>>> print(open('entry.cif').read())   # mmCIF, C-alpha atoms and all ligand atoms
data_protein
loop_
_atom_site.label_atom_id
_atom_site.label_comp_id
_atom_site.auth_asym_id
_atom_site.auth_seq_id
_atom_site.Cartn_x
_atom_site.Cartn_y
_atom_site.Cartn_z
CA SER A 1 88.32 -31.24 -15.22
CA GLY A 2 87.47 -31.75 -11.52
CA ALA A 3 88.40 -30.82 -7.95
CA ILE A 4 88.45 -32.11 -4.32
CA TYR A 5 86.38 -29.97 -1.93
CA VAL A 6 87.59 -30.62 1.67
CA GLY A 7 86.90 -28.14 4.46
CA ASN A 8 87.51 -24.64 3.06
CA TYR A 9 89.93 -25.88 0.38
CA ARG A 10 89.58 -26.61 -3.36
CA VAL A 11 92.29 -29.00 -4.71
CA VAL A 12 92.79 -28.90 -8.48
CA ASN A 13 95.42 -29.82 -11.08
CA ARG A 14 97.82 -26.83 -11.13
CA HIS A 15 97.68 -26.78 -14.95
CA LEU A 16 93.85 -26.30 -14.82
CA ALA A 17 93.76 -23.64 -12.04
CA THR A 18 91.62 -20.60 -12.83
CA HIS A 19 92.36 -16.87 -12.16
CA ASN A 20 90.07 -17.10 -9.08
CA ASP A 21 92.21 -20.04 -7.82
CA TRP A 22 95.44 -18.00 -8.21
CA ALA A 23 93.80 -14.94 -6.57
CA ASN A 24 92.80 -17.14 -3.52
CA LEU A 25 95.94 -19.27 -3.42
CA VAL A 26 96.81 -21.45 -0.41
CA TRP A 27 99.61 -23.64 -1.87
CA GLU A 28 100.92 -24.86 -5.22
CA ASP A 29 103.63 -27.25 -6.41
CA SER A 30 104.44 -27.58 -10.14
CA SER A 31 106.48 -30.78 -9.51
CA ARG A 32 103.28 -32.46 -8.21
CA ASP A 33 100.79 -30.75 -10.64
CA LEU A 34 98.78 -29.59 -7.58
CA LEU A 35 97.23 -26.25 -6.53
CA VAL A 36 94.99 -25.55 -3.50
CA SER A 37 92.80 -22.43 -3.23
CA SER A 38 90.46 -21.23 -0.48
CA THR A 39 86.64 -21.49 -0.61
CA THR A 40 83.75 -19.65 1.03
CA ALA A 41 81.54 -22.77 1.32
CA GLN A 42 82.57 -25.94 3.23
CA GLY A 43 83.19 -29.05 1.16
CA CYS A 44 82.04 -32.64 1.75
CA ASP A 45 85.01 -34.71 0.59
CA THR A 46 87.26 -36.38 3.22
CA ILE A 47 90.90 -37.25 2.57
CA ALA A 48 92.10 -40.85 2.95
CA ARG A 49 94.96 -41.33 5.47
CA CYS A 50 96.10 -44.87 4.54
CA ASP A 51 98.45 -46.94 2.34
CA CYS A 52 95.77 -48.46 0.03
CA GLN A 53 96.96 -49.48 -3.46
CA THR A 54 93.44 -50.38 -4.75
CA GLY A 55 90.60 -47.93 -5.31
CA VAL A 56 88.12 -46.51 -7.82
CA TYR A 57 88.56 -43.47 -10.12
CA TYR A 58 86.17 -41.31 -12.16
CA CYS A 59 86.86 -41.23 -15.93
CA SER A 60 84.95 -38.27 -17.56
CA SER A 61 85.71 -39.59 -21.10
CA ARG A 62 83.60 -42.72 -20.31
CA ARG A 63 81.17 -41.21 -17.67
CA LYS A 64 82.23 -44.19 -15.54
CA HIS A 65 83.98 -45.10 -12.28
CA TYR A 66 86.55 -47.91 -12.65
CA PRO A 67 88.25 -50.06 -10.01
CA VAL A 68 92.06 -49.92 -10.26
CA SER A 69 95.28 -51.18 -8.66
CA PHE A 70 97.85 -48.34 -8.48
CA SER A 71 101.54 -48.00 -7.68
CA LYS A 72 102.90 -46.19 -4.57
CA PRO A 73 103.58 -42.42 -4.93
CA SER A 74 106.86 -42.01 -6.82
CA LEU A 75 109.00 -39.77 -9.06
CA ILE A 76 108.04 -40.56 -12.68
CA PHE A 77 109.14 -39.12 -15.99
CA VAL A 78 106.28 -37.36 -17.80
CA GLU A 79 106.60 -36.38 -21.49
CA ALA A 80 106.39 -32.75 -22.69
CA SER A 81 102.84 -31.51 -23.11
CA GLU A 82 101.31 -28.06 -23.84
CA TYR A 83 101.27 -27.57 -19.97
CA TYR A 84 104.79 -28.66 -18.85
CA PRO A 85 108.15 -29.53 -20.51
CA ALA A 86 109.36 -33.19 -20.20
CA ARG A 87 110.19 -33.50 -16.47
CA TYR A 88 109.98 -35.74 -13.37
CA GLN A 89 106.61 -35.43 -11.59
CA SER A 90 106.68 -36.37 -7.91
CA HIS A 91 104.06 -38.13 -5.74
CA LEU A 92 102.55 -39.74 -8.88
CA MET A 93 100.82 -43.19 -8.85
CA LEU A 94 100.22 -45.19 -12.07
CA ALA A 95 97.46 -47.65 -12.96
CA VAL A 96 96.15 -49.51 -16.01
CA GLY A 97 92.99 -47.71 -17.06
CA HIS A 98 91.42 -45.49 -19.67
CA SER A 99 92.30 -41.83 -19.78
CA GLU A 100 92.33 -38.95 -22.29
CA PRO A 101 93.31 -35.32 -22.19
CA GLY A 102 90.38 -33.79 -20.37
CA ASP A 103 90.13 -36.53 -17.70
CA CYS A 104 92.48 -34.63 -15.35
CA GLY A 105 90.77 -33.81 -12.06
CA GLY A 106 88.74 -37.02 -11.74
CA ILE A 107 88.82 -38.39 -8.15
CA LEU A 108 90.60 -41.59 -7.12
CA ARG A 109 89.13 -42.91 -3.80
CA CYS A 110 89.49 -45.92 -1.46
CA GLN A 111 87.41 -47.14 1.56
CA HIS A 112 89.05 -44.35 3.67
CA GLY A 113 88.22 -41.39 1.41
CA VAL A 114 89.84 -39.39 -1.44
CA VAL A 115 93.34 -40.56 -2.41
CA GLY A 116 94.15 -38.17 -5.27
CA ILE A 117 93.14 -36.81 -8.69
CA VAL A 118 93.87 -37.80 -12.31
CA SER A 119 97.00 -35.90 -13.48
CA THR A 120 98.54 -37.91 -16.39
CA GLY A 121 97.65 -40.62 -18.95
CA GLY A 122 99.00 -43.07 -21.54
CA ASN A 123 97.86 -45.86 -23.88
CA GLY A 124 95.90 -47.88 -21.37
CA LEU A 125 97.57 -45.96 -18.45
CA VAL A 126 96.22 -43.36 -16.03
CA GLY A 127 98.33 -41.44 -13.39
CA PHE A 128 97.08 -39.88 -10.15
CA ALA A 129 98.56 -37.05 -8.06
CA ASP A 130 98.48 -38.37 -4.44
CA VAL A 131 97.16 -36.01 -1.70
CA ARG A 132 97.29 -38.40 1.32
CA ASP A 133 100.49 -36.87 2.71
CA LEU A 134 98.98 -33.29 2.79
CA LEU A 135 97.85 -33.49 6.42
CA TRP A 136 97.06 -29.79 6.61
CA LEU A 137 94.04 -30.29 4.28
CA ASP A 138 92.24 -31.72 7.42
CA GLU A 139 92.39 -28.46 9.46
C1 LIG B 1 96.04 -40.80 -22.93
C2 LIG B 1 96.40 -39.46 -22.36
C3 LIG B 1 97.31 -38.63 -22.92
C4 LIG B 1 97.64 -37.41 -22.32
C5 LIG B 1 98.59 -36.54 -23.09
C6 LIG B 1 97.04 -37.05 -21.12
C7 LIG B 1 97.35 -35.74 -20.45
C8 LIG B 1 98.68 -35.74 -19.73
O1 LIG B 1 99.18 -36.78 -19.36
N1 LIG B 1 99.28 -34.55 -19.51
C9 LIG B 1 98.78 -33.26 -20.02
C10 LIG B 1 98.42 -32.34 -18.87
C11 LIG B 1 99.59 -32.21 -17.88
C12 LIG B 1 100.04 -33.60 -17.39
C13 LIG B 1 101.11 -33.52 -16.32
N2 LIG B 1 100.73 -33.84 -15.09
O2 LIG B 1 102.28 -33.21 -16.61
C14 LIG B 1 100.43 -34.44 -18.61
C15 LIG B 1 96.07 -37.92 -20.49
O3 LIG B 1 95.48 -37.65 -19.42
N3 LIG B 1 95.81 -39.10 -21.17
ZN ZN B 2 92.50 -46.32 1.96
#
>>> encode(input="entry.cif", output="structure tokens", more="lines below")
Ligand SMILES: Cc1cc(C)c(CC(=O)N2CCC[C@H](C(N)=O)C2)c(=O)[nH]1
Ligand SMILES: [Zn+2]
Amino acid sequence: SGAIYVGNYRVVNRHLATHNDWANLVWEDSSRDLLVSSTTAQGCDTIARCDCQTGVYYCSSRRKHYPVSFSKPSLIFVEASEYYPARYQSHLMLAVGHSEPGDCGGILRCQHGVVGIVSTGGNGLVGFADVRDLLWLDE
């Protein structure tokens, strides 16, 4: 689990959105596994606006932050799960790192701010849904 809190927005994995998120919906995109809802309180996270390919992510299954190198946002095939059929997920970045089901929502960050959130995983792989192109999160 986990979210980005920037301005009056809450960014979560679409597959983990709650009823309150859907009832306060700003934007959602199943192809990216992202959903943004509105908040009453202002958040403290800032979004990175860069082309970094190195950063650090939070892994809840190890209670640890790990440095990673990650690929550029791309269209990647993701296997069928209990949340989506087998499909191509867009704006996804892959890295070598530990992940398990339940780690979705952990933040990936660089020196410029938040880059994205954990959205997929494999044997020694972790995938992140990029948010750097969502300029509207800044206003
Ligand atoms: C090792 C490991 C295995 C699995 C299965 C996962 C979870 C996962 O990738 N998905 C399930 C939740 C919807 C995700 C999506 N964006 O389509 C796809 C994980 O994080 N780590
Ligand atoms: Zn950066």
>>> closest_atom_pairs(input="entry.cif", of="chain A", to="ligand LIG 1 (chain B)", cutoff="10 Å", atoms="only C-alpha atoms and all ligand atoms", output="CSV")
residue,atom,partner,partner_atom,distance
A:13,CA,B:LIG1,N2,7.8
A:14,CA,B:LIG1,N2,8.6
A:15,CA,B:LIG1,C11,6.5
A:16,CA,B:LIG1,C10,8.6
A:30,CA,B:LIG1,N2,8.8
A:31,CA,B:LIG1,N2,8.6
A:32,CA,B:LIG1,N2,7.5
A:33,CA,B:LIG1,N2,5.4
A:34,CA,B:LIG1,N2,8.8
A:59,CA,B:LIG1,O3,10.0
A:77,CA,B:LIG1,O2,9.1
A:78,CA,B:LIG1,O2,5.9
A:79,CA,B:LIG1,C14,7.1
A:80,CA,B:LIG1,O2,7.4
A:81,CA,B:LIG1,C9,5.4
A:82,CA,B:LIG1,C9,6.9
A:83,CA,B:LIG1,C11,5.4
A:84,CA,B:LIG1,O2,5.7
A:85,CA,B:LIG1,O2,8.0
A:86,CA,B:LIG1,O2,7.9
A:87,CA,B:LIG1,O2,7.9
A:88,CA,B:LIG1,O2,8.7
A:89,CA,B:LIG1,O2,7.0
A:90,CA,B:LIG1,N2,9.7
A:92,CA,B:LIG1,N2,8.8
A:97,CA,B:LIG1,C1,9.6
A:98,CA,B:LIG1,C1,7.3
A:99,CA,B:LIG1,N3,4.7
A:100,CA,B:LIG1,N3,3.7
A:101,CA,B:LIG1,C15,4.2
A:102,CA,B:LIG1,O3,6.5
A:103,CA,B:LIG1,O3,5.7
A:104,CA,B:LIG1,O3,5.9
A:105,CA,B:LIG1,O3,9.5
A:118,CA,B:LIG1,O3,7.3
A:119,CA,B:LIG1,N2,4.6
A:120,CA,B:LIG1,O1,3.2
A:121,CA,B:LIG1,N3,3.3
A:122,CA,B:LIG1,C1,4.0
A:123,CA,B:LIG1,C1,5.5
A:124,CA,B:LIG1,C1,7.3
A:125,CA,B:LIG1,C1,7.0
A:126,CA,B:LIG1,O3,6.7
A:127,CA,B:LIG1,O1,7.6
A:128,CA,B:LIG1,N2,8.6
A:129,CA,B:LIG1,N2,8.0
>>> residues_near_ligand(input="entry.cif", ligand="ligand ZN 2 (chain B)", cutoff="9 Å", atoms="all atoms listed in the file", output="number ranges by chain")
A: 48-55, 109-115
>>> write_last_selection(input="entry.cif", atoms="C-alpha atoms", output="short mmCIF file (atom, residue, chain, number, x, y, z; two decimals), in the frame of the given file")
data_model
loop_
_atom_site.label_atom_id
_atom_site.label_comp_id
_atom_site.auth_asym_id
_atom_site.auth_seq_id
_atom_site.Cartn_x
_atom_site.Cartn_y
_atom_site.Cartn_z
CA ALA A 48 92.10 -40.85 2.95
CA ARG A 49 94.96 -41.33 5.47
CA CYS A 50 96.10 -44.87 4.54
CA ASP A 51 98.45 -46.94 2.34
CA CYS A 52 95.77 -48.46 0.03
CA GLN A 53 96.96 -49.48 -3.46
CA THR A 54 93.44 -50.38 -4.75
CA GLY A 55 90.60 -47.93 -5.31
CA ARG A 109 89.13 -42.91 -3.80
CA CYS A 110 89.49 -45.92 -1.46
CA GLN A 111 87.41 -47.14 1.56
CA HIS A 112 89.05 -44.35 3.67
CA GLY A 113 88.22 -41.39 1.41
CA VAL A 114 89.84 -39.39 -1.44
CA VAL A 115 93.34 -40.56 -2.41
#
>>> atom_distance(input="entry.cif", atom1="atom CA of residue A:130", atom2="atom CA of residue A:17")
17.2 Å
>>> atom_distance(input="entry.cif", atom1="atom CA of residue A:138", atom2="atom CA of residue A:71")
24.1 Å
>>> closest_residue(input="entry.cif", among="A:75, A:44, A:25, A:36", to="residue A:7", atoms="all atoms listed in the file")
A:44
>>> residues_around(input="entry.cif", residues="residue A:20", least_positions_apart="4", cutoff="10 Å", atoms="all atoms listed in the file", output="list in words")
residues 24, 25, 37 and 38 of chain A
>>> decode(input="entry.cif", residues="stretch 37-92 of chain A", atoms="C-alpha atoms", output="compact mmCIF listing (two decimals), in the first residue's frame")
# COMPACT_ATOMS: atom_id res chain seq x y z
CA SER A 37 -8.37 11.70 -5.86
CA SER A 38 -8.83 15.06 -4.13
CA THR A 39 -7.85 15.79 -0.49
CA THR A 40 -8.93 18.30 2.14
CA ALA A 41 -5.43 18.67 3.66
CA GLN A 42 -2.36 19.83 1.66
CA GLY A 43 0.37 17.27 1.08
CA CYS A 44 4.16 17.61 1.43
CA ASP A 45 5.49 15.51 -1.45
CA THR A 46 6.93 17.29 -4.54
CA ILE A 47 7.00 15.69 -7.99
CA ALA A 48 10.31 15.28 -9.82
CA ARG A 49 10.46 16.98 -13.27
CA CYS A 50 13.61 15.33 -14.71
CA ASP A 51 14.97 12.38 -16.73
CA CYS A 52 16.77 10.58 -13.84
CA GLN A 53 17.20 6.80 -14.25
CA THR A 54 18.65 6.26 -10.72
CA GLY A 55 16.76 6.72 -7.47
CA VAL A 56 15.63 5.07 -4.23
CA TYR A 57 12.37 3.18 -3.56
CA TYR A 58 10.54 2.06 -0.41
CA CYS A 59 9.97 -1.72 -0.09
CA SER A 60 7.31 -2.43 2.64
CA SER A 61 8.12 -6.20 2.60
CA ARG A 62 11.66 -5.38 3.88
CA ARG A 63 10.91 -2.06 5.78
CA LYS A 64 13.81 -0.67 3.73
CA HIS A 65 14.65 1.94 1.08
CA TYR A 66 16.86 0.60 -1.74
CA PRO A 67 18.87 2.45 -4.39
CA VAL A 68 17.97 1.33 -7.93
CA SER A 69 18.72 1.95 -11.61
CA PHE A 70 15.46 1.91 -13.64
CA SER A 71 14.48 1.87 -17.30
CA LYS A 72 12.73 4.79 -19.09
CA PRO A 73 8.89 4.81 -19.02
CA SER A 74 7.67 2.28 -21.59
CA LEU A 75 4.87 -0.07 -22.68
CA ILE A 76 5.49 -3.44 -20.98
CA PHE A 77 3.57 -6.69 -20.95
CA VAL A 78 2.23 -7.52 -17.47
CA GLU A 79 0.87 -11.01 -16.67
CA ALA A 80 -2.73 -11.62 -15.56
CA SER A 81 -3.30 -11.02 -11.86
CA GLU A 82 -6.43 -10.90 -9.65
CA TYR A 83 -6.54 -7.09 -10.51
CA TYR A 84 -6.07 -6.99 -14.33
CA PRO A 85 -6.03 -9.49 -17.25
CA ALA A 86 -2.66 -9.97 -19.10
CA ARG A 87 -2.17 -6.62 -20.89
CA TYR A 88 0.34 -3.89 -21.85
CA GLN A 89 0.86 -1.35 -19.04
CA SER A 90 2.10 2.05 -20.20
CA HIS A 91 4.53 4.51 -18.55
CA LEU A 92 6.10 1.61 -16.58
